[PDB]
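In: Here is my input, please return the structure:
(one chain, ligands or ions: 1)
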Amino acid sequence: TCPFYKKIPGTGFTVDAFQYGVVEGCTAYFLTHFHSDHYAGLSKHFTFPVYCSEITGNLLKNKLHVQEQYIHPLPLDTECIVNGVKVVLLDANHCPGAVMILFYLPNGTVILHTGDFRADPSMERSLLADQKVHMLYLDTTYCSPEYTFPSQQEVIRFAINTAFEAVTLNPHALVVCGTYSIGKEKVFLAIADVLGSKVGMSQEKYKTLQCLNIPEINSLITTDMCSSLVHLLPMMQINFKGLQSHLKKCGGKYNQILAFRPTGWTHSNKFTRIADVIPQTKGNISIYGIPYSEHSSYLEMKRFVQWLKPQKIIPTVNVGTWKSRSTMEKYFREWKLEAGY
Ligand code: NI
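Out: Numbers count the residues shown, from 1 in each chain. Please see the structure below:
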């Protein structure tokens with residue numbers, strides 16, 4: 001059964017609610033982004049209206065085979081009417097196609113559902129600036145002060161400098177990057193760009209990237225592994241065994257691998273700066289875990305909420321334990337007392 005925090009009161013709507021069968025009284029199903037914990041349940045057999053971004057709709061149609069007549073893509077930053085209710089989709093600074101959803105209820109209540117997001121000050125000058133929000137359904141993934149991580153720009157700087165140094169010292173080194181879903185494309189695209197290479201990948205991953213409206217993508221990616229010195233592999237293969245095995249398949253073209261695992265947060269964040277990150281090495285294979293996050297840090301989250309000043313917060317992440325829930329509620333009260341709302 002659908003949980004309460006996926007239902008939008010006063011409407012016929014749900015958010016990211018496809019794994020519960022036919023939801024009682026739901027007249028339109030919103031999907032914030034194409035990640036499997038959110039889309040779980042969609043297929044060619046779905047016959048209700050799905051509302052989403054253009055990019056998310058390209059992925060629904062091509063990867064899951066949802067029929068076109070049930071996909072309702074909306075432009076961003078544009079007031080739209082859905083079953084008699086005004087809605088706006090806003091960029092979530094998550095993965096490609098990811099949105100937040102503003103709902104203007106008939107009674108005057110305004111609700112913002114962040115989906116998954118990485119809060120940014122640029123959001124303080126979207127259509128959010130123009131009215132009060134009463135209720136916030138918040139991505140609380142990293143809602144605790146231990147979660148610090150660097151900007152995306154610093155992490156990409158580190159990766160590009162590390163890759164360009166390694167390959168310049170050894171023109172026979174291969175760079176490998178791990179992936180298991182959309183998001184974090186900048187990692188592999190920035191490395192390929194500095195090395196003057198395309199990114200080589202499976203046909204299935206190339207199909208996924210072609211759904212994303214990224215400019216000049218035919219210029220940056222390829223299925224010809226032989227012509228590429230940056231390869232993408234499933235995240236599961238980014239270990240010493242999987243990478244040794246890959247290097248065998250390359251037929252003596254390469255004699256070293258430098259691999260990157262973009263993770264979210266790991267506890268090495270609490271002690272070490274990005275400058276200071278070092279790999280795990282075995283033989284001719286080095287693996288770097290880099291803290292490239294597509295979710296808010298604690299401080300970024302705090303800043304957004306203190307700016308927005310909602311009347312009520314509904315967390316959407318870490319809701320399954322009483323200790324998590326209590327911890328999050330204590331932070332929300334601190335933020336409200338410190339800022340004065
Ligand atoms: Ni996500």
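In: For residue 231, list the residues it contacts.
Out: The contact partners of residue 231, taken as C-beta atoms under 8 Å, 6 or more residues apart in numbering, are 174-177, 199-201, 225, 246. C-beta here means a position set from N, CA and C on the backbone, and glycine is covered the same way.
In: In terms of distance to the ion, which of the residues you listed ranks first?
Out: Here the nearest of the contacts of residue 231 to the ion, counting by C-beta to the ion, is residue 177; it sits at 18.7 Å.
In: Next, work out how far apart that closest one and residue 217 are.
Out: 16 Å (C-beta to C-beta, to the nearest Å).
In: dump the residue contacts of the closest residue to the ion within the stretch 201-341 of the chain.
Out: At 6.9 Å from the ion, residue 294 is the closest residue in the stretch 201-341 of the chain, using C-beta to the ion. Contacts for residue 294 (C-beta under 8 Å, 6+ apart) come out as 93-95, 116, 118, 183-184, 264.
In: So for residue 177 and residue 217, which sits in the more crowded spot?
Out: Using other C-beta atoms under 10 Å, the more surrounded residue of residue 177 and residue 217 is residue 177, with 27 against 15.
In: So what does the more buried one look like in phi/psi?
Out: Here is the backbone geometry of residue 177 (degrees, to the nearest 10): phi -130, psi 140.
In: How about residue 5?
Out: In terms of degrees, to the nearest 10, the main-chain angles of residue 5 are phi -80, psi 0.
In: Adding distance to residue 10, neighbour count and secondary structure as columns, could you present the contacts of residue 294 in CSV?
Out: Listed next are the contacts of residue 294 as CSV, based on distance: C-beta to C-beta, whole Å; neighbours: other C-beta atoms under 10 Å; DSSP: H, G, I helix; E, B strand; the rest coil:
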residue, distance to residue 10, neighbour count, secondary structure
93, 28, 19, coil
94, 26, 23, coil
95, 30, 20, coil
116, 24, 25, coil
118, 29, 23, coil
183, 32, 20, coil
184, 36, 22, coil
264, 34, 14, coil
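In: and which of these is nearest to the ion?
Out: Taking C-beta to the ion as the measure, residue 116 is the one of these closest to the ion, at 3.6 Å.
In: That closest one reaches residue 139, doesn't it?
Out: Yes. With contact defined as C-beta atoms under 8 Å, residue 116 and residue 139 form a contacting pair (5.2 Å).
In: Between these two, which contacts overlap?
Out: residue 295.
In: Residues of this structure that sit close to the ion?
Out: Those residues of the chain that sit near the ion, judged by C-beta under 5 Å from the ion, are 35, 116.
In: which SS class is the residue lying farthest from the centre of the chain?
Out: Each residue of the chain has a distance to the centre, and by C-alpha atoms, centre = their mean the biggest one is for residue 252: 36.0 Å. Three-state call for residue 252 (DSSP: H, G, I helix; E, B strand; the rest coil): coil.
In: how about residue 28, what does it touch?
Out: Neighbouring residues of residue 28 by C-beta under 8 Å, 6+ apart: 12-13, 48-51, 82-83.
In: Please indicate which of those has the highest neighbour count?
Out: In terms of neighbours by other C-beta under 10 Å, the contacts of residue 28 top out with residue 13 at 26 neighbours.
In: which residues in this structure form helices?
Out: Applying DSSP state H to the chain gives helices spanning 36-39, 54-63, 152-169, 185-195, 203-210, 217-220, 240-249, 298-308, 322-339.
In: for these, which one sits closest to residue 8?
Out: With C-beta to C-beta, the closest approach to residue 8 among the helices of the chain belongs to helix 36-39: 15.4 Å.
In: Residue 185 is in contact with residue 262, correct?
Out: No. If you go by C-beta under 8 Å, residue 262 and residue 185 don't touch, sitting 10.1 Å apart.
In: Which one of the two is surrounded by more residues?
Out: Between residue 262 and residue 185, residue 262 has the larger neighbour count (other C-beta under 10 Å), namely 23 against 20.
In: domain parsing for the chain?
Out: Per curated CATH domains, the domain ranges recorded for the chain read 1-147+296-341, 148-295.
In: about what we covered before: which of the contacts of residue 231 lies closest to residue 256?
Out: residue 174 (7.2 Å).
In: I'd say the closest one and residue 229 touch.
Out: Yes. Contact criterion C-beta under 8 Å: residue 174 and residue 229 qualify, at 6.0 Å.
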